[PDB]
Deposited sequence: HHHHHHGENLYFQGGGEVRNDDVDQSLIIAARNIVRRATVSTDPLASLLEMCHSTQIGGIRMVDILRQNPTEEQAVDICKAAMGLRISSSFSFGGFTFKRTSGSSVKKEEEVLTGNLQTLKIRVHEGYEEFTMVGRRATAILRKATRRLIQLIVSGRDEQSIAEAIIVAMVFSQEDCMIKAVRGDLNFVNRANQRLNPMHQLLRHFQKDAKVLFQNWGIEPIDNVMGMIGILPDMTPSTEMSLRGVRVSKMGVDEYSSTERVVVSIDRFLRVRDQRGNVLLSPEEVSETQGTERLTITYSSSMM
């Protein structure tokens, strides 16, 4: 039932945002899940029976003790690992503005599918190195957004070096974002320096693929290094797992990896077709 799903997402996004501005976001969220109705039905009743996987919806499901997808969200993209492992090593790095940054680096090859609402990609990477990104998407901005996420996730020093101011991004409670989301917010604001300094390479013009230049125009001849746009589309089930959620709505899998947080919830939403009554 897609009207319910879409109304559920809208309600869930609104609730997660409001619960973020409190001394106990988990407690606030749960209260709001219990006090909110959609089409005249309590949200908890819908969450318990609705299969939608969306970041705010899954934060609410975790708060209620319900299983969600085992995939993590970064930059709005659901990352499903298809190779390599999760083990990471801390490193202090230095941005292009001479600000230090403590990041957690996986060593060794990994491979992911990135599934977004407006783009899909295959990401192959090694230690602090983008090997390949193959991305398809609905429009130029949506592909650019996937490319930015993938460059940040790569943790390549070219990307750290392209940072051009101090990084003091916060959430809705004015609490500072973690290092990778600092980097994500910076380049989401303006990616020109990152794209211009990343590097380009000649491409083999092959059917269904096209290059993409640092100014985000398609090219048959060159492309951002390691990046290709799929005109035919990248292909893409849900493993549902028991999760935990802490006071600040950070959701973790059994091994302690963070899957979701309020920072992974879209800032936009549709228009509900079922009436949502809050409180």
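Going by the record, the unmodelled stretches of the deposited sequence, in order, are 1 to 19, 256 to 257, 301 to 304.
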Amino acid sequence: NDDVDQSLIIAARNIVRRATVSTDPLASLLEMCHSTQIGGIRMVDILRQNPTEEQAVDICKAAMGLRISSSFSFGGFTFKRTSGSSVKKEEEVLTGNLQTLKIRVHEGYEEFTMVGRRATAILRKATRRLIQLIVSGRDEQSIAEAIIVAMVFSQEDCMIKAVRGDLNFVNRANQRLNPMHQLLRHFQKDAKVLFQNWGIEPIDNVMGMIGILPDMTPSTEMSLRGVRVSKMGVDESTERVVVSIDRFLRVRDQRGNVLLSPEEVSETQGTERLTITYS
From here on, numbers count along this sequence of modelled residues.
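Comparing the deposited coordinates for 209 to 217 and 66 to 74, the stretch with the larger average C-alpha B-factor is 209 to 217.
Judged by mean Cα B factor in the deposited record, 265 to 273 ranks above the other of 7 to 15 and 265 to 273.
The entry assigns its greatest Cα B factor, within the set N171, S154, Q141, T120, to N171. Of the candidates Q55, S244, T238, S223, it is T238 whose Cα B-factor is highest according to the PDB record.
Ranked by Cα temperature factor within the chain, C60 sits in the lowest third according to the deposited record. The entry lists a Cα temperature factor for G137 that places it in the middle third of the chain's modelled residues. When the modelled residues of the chain are ordered by C-alpha B-factor, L101 sits in the highest third.
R81 sits in the middle third of its chain by CA B factor, as recorded in the PDB entry. For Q175, the recorded CA temperature factor ranks within the highest third of the chain's modelled residues.
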